[PDB]
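First up is the structure itself, then whatever we jot down about it.
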Amino acid sequence: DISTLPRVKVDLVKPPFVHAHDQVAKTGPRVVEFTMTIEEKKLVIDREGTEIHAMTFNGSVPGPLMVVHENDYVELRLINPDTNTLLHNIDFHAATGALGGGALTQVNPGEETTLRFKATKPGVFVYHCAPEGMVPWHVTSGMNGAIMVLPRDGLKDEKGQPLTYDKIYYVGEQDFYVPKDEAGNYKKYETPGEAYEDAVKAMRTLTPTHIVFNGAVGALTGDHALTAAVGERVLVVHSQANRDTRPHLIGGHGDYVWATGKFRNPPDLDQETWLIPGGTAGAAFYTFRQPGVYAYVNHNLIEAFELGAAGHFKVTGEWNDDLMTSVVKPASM
Amino acid sequence: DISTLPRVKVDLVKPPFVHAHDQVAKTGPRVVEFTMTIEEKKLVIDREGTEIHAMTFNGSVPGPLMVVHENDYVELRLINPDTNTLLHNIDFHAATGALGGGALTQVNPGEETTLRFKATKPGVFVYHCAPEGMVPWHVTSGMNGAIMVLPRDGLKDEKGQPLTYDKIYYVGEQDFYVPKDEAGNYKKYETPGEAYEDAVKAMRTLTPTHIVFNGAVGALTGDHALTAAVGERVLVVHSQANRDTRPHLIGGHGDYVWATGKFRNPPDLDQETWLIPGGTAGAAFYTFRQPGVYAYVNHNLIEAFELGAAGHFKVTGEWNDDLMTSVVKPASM
Amino acid sequence: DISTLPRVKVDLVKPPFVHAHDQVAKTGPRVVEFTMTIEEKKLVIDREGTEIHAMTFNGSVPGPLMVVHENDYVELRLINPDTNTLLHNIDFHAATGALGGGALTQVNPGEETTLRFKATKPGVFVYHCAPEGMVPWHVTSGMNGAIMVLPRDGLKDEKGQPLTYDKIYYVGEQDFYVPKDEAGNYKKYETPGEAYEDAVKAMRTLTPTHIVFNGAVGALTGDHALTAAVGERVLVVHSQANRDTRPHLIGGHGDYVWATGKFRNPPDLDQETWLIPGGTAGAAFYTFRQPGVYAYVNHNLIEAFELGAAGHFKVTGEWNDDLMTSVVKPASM
Ligand SMILES: O=N[O-]
Ligand SMILES: O=N[O-]
Ligand SMILES: O=N[O-]
Ligand SMILES: O=N[O-]
Ligand SMILES: O=N[O-]
Ligand SMILES: O=N[O-]
Ligand SMILES: O=N[O-]
Ligand SMILES: O=N[O-]
Ligand SMILES: O=N[O-]
Ligand SMILES: [Cu+2]
Ligand SMILES: [Cu+2]
Ligand SMILES: [Cu+2]
Ligand SMILES: [Cu+2]
Ligand SMILES: [Cu+2]
Ligand SMILES: [Cu+2]
């Protein structure tokens, strides 16, 4: 009887931050209640000021990271306000049946729905909108996020000993396909319906115009750079709902990586770069050993540095000259 | 002495079905005899009626799945009838030496050949045509399939206990490169030779015009949807001879996955989506837990829903409300 | 005290060859001294005579393979002669801190620098130039290589028993983006600065014009084919600093593969084809069992046979008819 289980309500937070949770489950299985409100909105995605009509869960690209434990039930209230124009739904890759919930959650503007599913498999998983006939358009307009289903006894290393993270961040990587004309300029559209065919044509090139973290070029830089201290253990959850990516921490490693994101498997050790296939979430654990600026990138470096898939960590602490040093600084002989 | 071994003749079946076989070997090592007849033919590949000159093993795209056991010998009689126009051969990724057999199997129209090789490594493997100088053209015109070399004691899980499948299907995913003009219309050609340079130019874009399962958009839908019952254990073998893919069962999982298809390795557990690199076959095992329609897709969703890489499962049985339920059906408040 | 450790100087060799080293460490931890001189030079990259302005470490594409043992220190003297025009640096994926050394190694023409880092993680790793603001241009102009950090007790199999290679080769795979005009002809440029914007535009297509091994179409063929004898154990280290690749030995296998290149992990067994993500080095171990010509390719076969990512092995020794034989040679019935 699900009615006999504890209920807990979670208020979600904006990526790259993650709602408060416990790694090791302090209660028995629970029904965990989430609410998301769909927001269609204009978003500026690059330094040039290119503005798209984005489709979002909870006002952000990506949608927020949900965190539960294995064999919890997820109960999502999904609200489509009448200020929106399109039909939406949600498909959880964590869920079993009914197209991941998509068949049960179709909401027109002015409607809401509540879905419950049992999180039977531990791992990080993508969720995304998937309305019949228009799936890639919604996903590539930003309507995707992730859910983490932790093992009830938390994460474990390749030998089965505990791994505990001190901080967690969620990086959602988004491929956008802004339509271009013969000259190569971005085309502009008045209504979603007038945009649709050109959006399909742009998608069929399989060549994104932008590939960004947290919804825009430079979103995870400057005042919004990720932070850590030397010695801290950081988990970075990374998703890509549509297209392969290959994350890399410039100056660091993935000490333990679940590249395809599923915690019953042993992690890969000491990775430089890891492949997260399109339609997947992955997770990487790293202990910082040096201070300074790190770049966190998709290591197709054109995708990173020309198309947008690059963010920064600012790390505080002591410099270790045993690990790295300048022996002779750049100079003319 | 190979002449002292049992011989068995197999008659192949059209994908996505697979010839009858035993998972656990009921005889000692055998010579397993297969015959394939090459057929060059017109094929309609999409709903628009786009027709290509396809190159096939046994009349289908993909070619049929061959199944043997580790350390069996495969003896293939390959027939190129005089109704065909081109030179063909075959390269087995399962085989050792002579370019996988390609150096030994070159047949002009009106010729045949018989190759024997020892299947020394267990796994699912690609086979494809590979005539010197024209390899990608033949492979991307459909001339590829797969072979499964089962361990003699069948499949095993990550802990070494038996995994037995109830049903098996073979999904071959094909990237086509139909030449386009400046306007973006598909060009049409009278002879293979007149097509060749434009085919090469289209291939060099690295952007497929179509990506399909079982030879056409929608081939694994409707009356030809895959089927299962709740509780059945299904193995899906998936190959891609030329280009990476990332299969996903919408509403399900890969419970046990050999993403790069080789059975001496432990399977990955609980996958949402798995990467099968171009030039590889993989295999995924799933036990259905919910009825209804599932979509089986390449989770580049543009590739799936715009370019063709999507099929369906129709699953019969009981709905489990513990696993998933609509709490409040879509409605206006 | 690092000053108390042995020092050894290594003189590097041109790929695909590798400097002499010992698999199992015969000394304690050492400081291993390398020197590289940057050379900007014209290179002919294809059979058509297309000539680019290449940027190289030590005069080659890829840069040379460096080999050390876990917890050795790498001390690199990097020289940028005044005959060069651009600013360069180096980022080691093996290193920890300061953008892999990139923040500490910026050298203008006429300058040099010496970096030291501790090789704390065993595996094969990419190194590449990464000057702020111009990273992908330098990497995709050839300025990348790899470093192998061997475990001190050498390589081990999936069960922890020793694997010893008899020969080692280094294959660097390079994606080039030669700018094209409306007609599709390669554009030509007088100075690096006049080339830059068109280089960026060409990179943003995400469609390489050339994908080559050892710096040119056909570089690892003919008189420069790789060689082995039947029974020899060969390690092939393969890197791709920017773009995914999927190596395959046509007629063979990867007996033991570290696809993402990190030796604390067990190898994948019996691979047909393996995915090395962009920004990664991998390693594959194979024991040759048949003589003849093998092709070693990226198994996107368009990338291999149209764009250049194909080389040869010439293997000497006895033919094994048990493994493969022609039963009936091609003939007309
Ligand atoms: O929603 N993609 O970050
Ligand atoms: O930031 N992408 O053009
Ligand atoms: O870094 N002092 O030459
Ligand atoms: O032959 N490709 O499915
Ligand atoms: O179905 N592909 O255009
Ligand atoms: O689903 N009943 O509101
Ligand atoms: O430098 N790439 O082989
Ligand atoms: O060899 N590439 O065009
Ligand atoms: O190969 N002799 O027919
Ligand atoms: Cu939507
Ligand atoms: Cu999905
Ligand atoms: Cu053929
Ligand atoms: Cu092949
Ligand atoms: Cu440089
Ligand atoms: Cu890098």
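Just so it is clear: chains get the letters A, B, ... in the order the sequence lines come, proteins before strands, and each one is counted from 1.
With a 4.5 Å cut-off on side-chain heavy atoms, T273(A) and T260(C) do not count as touching. Here the side chains of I168(C) and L65(C) are in contact, with some heavy-atom distance below 4.5 Å. In this structure, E132(B) and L99(B) have side chains that are not in contact, with every pair of non-hydrogen atoms separated by 4.5 Å or more. Two residues are said to be in side-chain contact when any heavy atoms from C-beta on lie closer than 4.5 Å; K262(B) and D268(C) fail this criterion. Side-chain atoms of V212(C) and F176(C), non-hydrogen and from C-beta on, do get closer than 4.5 Å to each other. At least one side-chain heavy atom of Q271(B) sits under 4.5 Å from a side-chain heavy atom of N265(A). Contact annotation: the side chain of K118(C) approaches that of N71(C) to within less than 4.5 Å [non-hydrogen atoms, C-beta and beyond]. Using a 4.5 Å heavy-atom cutoff, the side chains of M55(C) and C129(C) are not in contact.
By the side chain to side chain donor-acceptor pair (under 3.5 Å) test, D270(A) is found to be paired with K121(C), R264(C), residues two or more places apart in sequence or in another chain being considered. Partners of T120(B) by side chain to side chain donor-acceptor pair (under 3.5 Å), not counting sequence neighbours: none found. Applying the side-chain contact (heavy atoms from CB on, under 4.5 Å) rule to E318(C) yields the partners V230(C); only residues at least two apart in sequence or on another chain are considered. Partners of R152(C) according to the side chain to side chain donor-acceptor pair (under 3.5 Å) rule, which considers only residues two or more places apart in sequence or in another chain, do not exist here. With sequence neighbours excluded, the residues satisfying side-chain contact (heavy atoms from CB on, under 4.5 Å) with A259(B) are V257(B), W274(B). Under the rule for a side chain to side chain donor-acceptor pair (under 3.5 Å), the partners of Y73(B) that lie at least two apart in sequence or sit in another chain are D322(C). For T140(C), the side-chain contact (heavy atoms from CB on, under 4.5 Å) test picks out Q174(C), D175(C), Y177(C), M203(C), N242(C), with sequence neighbours left out. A130(C) is linked by a side-chain contact (heavy atoms from CB on, under 4.5 Å) to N89(C), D91(C), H128(C), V135(C), counting only residues two or more places apart in sequence or in another chain.
Note that CE of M143(C) is 7.5 Å distant from CD1 of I90(C), once rounded to the nearest 0.5 Å. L76(C) contributes atom CG, which lies 7.5 Å from atom OG1 of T114(C) (distance to the nearest 0.5 angstrom). Atom CG of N214(C) and atom CG of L226(C) lie 8.5 Å apart (nearest 0.5 Å). For the atom pair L163(C) CG and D157(C) CG, the distance stands at 5.0 Å (nearest 0.5 Å). Of the inter-residue distances, the one linking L78(C) atom CG with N58(C) atom CG reads 9.5 Å to the nearest 0.5 angstrom. Taking CG of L43(C) as the start and CG of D46(C) as the end, the distance is 12.0 Å to the nearest 0.5 Å.
When atom types are taken as modelled, the side chain of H93(C) and the backbone of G279(C) share a donor-acceptor pair closer than 3.5 angstrom. Judged purely by atom type and a 3.5 angstrom limit, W319(C) has no side-chain atom pairing as donor or acceptor with the backbone of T325(C). Between the side chain of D255(A) and the main chain of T287(A), a donor-acceptor pair closer than 3.5 Å is present. For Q240(B) (side chain) and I276(B) (main-chain N/O), no donor-acceptor pair under 3.5 Å exists by modelled atom type. Between the side chain of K167(C) and the main chain of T227(C), a donor-acceptor pair closer than 3.5 Å is present. Formation of a donor-acceptor pair under 3.5 Å by the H253(C) side chain with backbone atoms of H248(C) is not found in this model. Formation of a donor-acceptor pair under 3.5 Å by the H210(C) side chain with backbone atoms of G308(C) is not found in this model.
In terms of heavy-atom proximity, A146(C) sits nearest to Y170(C) at N-OH, 3.4 Å. The two residues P6(C) and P29(C) have their closest heavy-atom pair at CD-O, 3.5 Å. Closest of all the heavy-atom pairs between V149(B) and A94(B) is CG2-CB, 4.4 Å. Among all heavy-atom pairs drawn from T96(C) and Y286(A), the shortest one is CG2-OH, 3.6 Å. A pairwise comparison of heavy atoms in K156(C) and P267(C) identifies O-CD, 4.1 Å as the closest pair. The two residues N300(C) and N298(C) come nearest to each other via the heavy atoms N-OD1, 2.9 Å.
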Derivation and outcome, side-chain contact (heavy atoms from CB on, under 4.5 Å), residues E272(A) and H299(A): CA-CA 10 Å; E272(A) 66 190 305; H299(A) 212 297; over 6 Å; no
Full working for side-chain contact (heavy atoms from CB on, under 4.5 Å) between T316(C) and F288(C): CA-CA 10 Å; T316(C) 57; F288(C) 283 95; over 6 Å; no
Derivation and outcome, side-chain contact (heavy atoms from CB on, under 4.5 Å), residues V124(B) and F263(B): CA-CA 8 Å; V124(B) 284; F263(B) 300 134; 4.1 Å; yes
Step-by-step side-chain contact (heavy atoms from CB on, under 4.5 Å) determination, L115(B) to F92(B): CA-CA 11 Å; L115(B) 174 70; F92(B) 288 88; 4.2 Å; yes
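Checking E173(C) against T245(C) by side-chain atom types alone, a donor-acceptor pair falls below 3.5 Å.
Listed by first and then second residue, the salt bridge (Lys or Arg N to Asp or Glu O under 4.0 Å) pairs involving residues 284-303 of chain C are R243(C)-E303(C), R246(C)-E303(C) (not counting sequence neighbours). Here ring-ring contact (aromatic ring centres under 6.0 Å, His included) pairs that include residues 219-241 of chain C, with residues two or more places apart or in two chains, are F213(C)-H238(C), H238(C)-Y296(C). Contacts classified as salt bridge (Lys or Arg N to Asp or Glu O under 4.0 Å) and involving residues 222-238 of chain C (residues at least two apart or in different chains) are given here: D166(C)-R233(C).
In this structure, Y256(C) has its ring center under 6.0 Å from that of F285(C). With ring centers used as reference points, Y127(C) lies 6.0 Å or more from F125(C).
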Without placing hydrogens or testing angles, list every side-chain donor-acceptor pair under 3.5 Å for residues 30-39 of chain C, not counting sequence neighbours.
unit_1 : atom_1 : unit_2 : atom_2 : d
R30(C) : NE     : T27(C) : OG1    : 3.3
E33(C) : OE2    : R7(C)  : NH1    : 2.6

